[PDB]
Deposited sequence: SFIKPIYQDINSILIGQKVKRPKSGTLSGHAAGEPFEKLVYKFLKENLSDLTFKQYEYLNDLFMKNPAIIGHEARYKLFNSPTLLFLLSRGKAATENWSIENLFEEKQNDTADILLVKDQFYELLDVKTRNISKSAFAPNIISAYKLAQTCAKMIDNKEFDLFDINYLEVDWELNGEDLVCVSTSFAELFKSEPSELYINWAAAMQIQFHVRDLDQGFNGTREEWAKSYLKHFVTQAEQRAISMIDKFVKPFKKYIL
């Protein structure tokens, strides 16, 4: 992580601050200026850097990585229609809120905020299916050290007309034991967790993480089918 080394610095400027996400981005731009991009900014930048090549087929080649292409591309129509006159704009569906890249390595950073006084209810983080596809591409293309997917969480609470940061957490998806990732099938098959709760004890290689995750995904998919019968058919058979 490019963020990890300065995490203490980020924690310092946030804990106690009253008003949060922009604060993190601002700090990143000032201390990691040559690395910090918003995702849409990275795409525009990348295409604006090769005004020669046009079309979505050629532009897709610019990512020079099937896995990277899969995680960051905007789609054929949008890519085809991209021009300096028609630039990309912030779209929630951009996997990374903040993108840090250096020497072809990428850190997909997601910054989250949390009302620490509203009782825990893990939010959707990312599709378990999208993650499975990502792991498959990493394995198929042997891309095991191209990128990381990390999270920064800012905890706050109410204080008059001001929300005050009270704590922060940083975690890396690929440092978590795959089997400990909660896949909430009903909730858009989304992995759910509060960053402070994410496990960080995995000790193997990225390839091993990928294979372990896929084993977890397949296993939980089978378990979900079993749970669907027990919860959605068994209780209603008597009405048929």
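Going by the record, the unmodelled stretches of the deposited sequence, in order, are 20 to 35, 257.
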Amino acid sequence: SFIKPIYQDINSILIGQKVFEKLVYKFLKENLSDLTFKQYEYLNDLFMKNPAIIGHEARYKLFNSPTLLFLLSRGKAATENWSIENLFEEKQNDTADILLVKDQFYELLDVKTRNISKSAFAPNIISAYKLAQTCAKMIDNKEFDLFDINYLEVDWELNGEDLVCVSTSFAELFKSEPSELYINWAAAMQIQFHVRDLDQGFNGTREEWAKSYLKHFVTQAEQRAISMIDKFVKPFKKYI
From here on, numbers count along this sequence of modelled residues.
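We call the rigid core whatever largest set of C-alpha positions still superposes within 1.5 Å between the two forms.
In 6 other deposited structures of this protein, superposed on the rigid core, the segment with the larger root-mean-square CA displacement between 211 to 219 and 24 to 32 is 24 to 32. Rigid core fits of the other structures in 6 other deposited structures of this protein place the C-alpha atoms of one stretch farther away on average; of 162 to 170 and 125 to 133, that stretch is 162 to 170. For the pair 59 to 67 and 203 to 211, the mean Cα B-factor is higher in 59 to 67.
When the C-alpha B-factors of 39 to 47 and 173 to 181 are averaged, 39 to 47 comes out higher. Between the residues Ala128, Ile84, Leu100, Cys135, it is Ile84 that shows the highest Cα B-factor in the PDB record. Looking only at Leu158, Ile149, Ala122, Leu146, the residue with the top Cα B factor in the deposited structure is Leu158. The PDB entry assigns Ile10 a C-alpha temperature factor belonging to the middle third of its chain's modelled residues. Per the PDB record, residue ranking by Cα B-factor puts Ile54 in the highest third of the chain. Sort the modelled residues of the chain by CA B factor and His194 lands in the lowest third.
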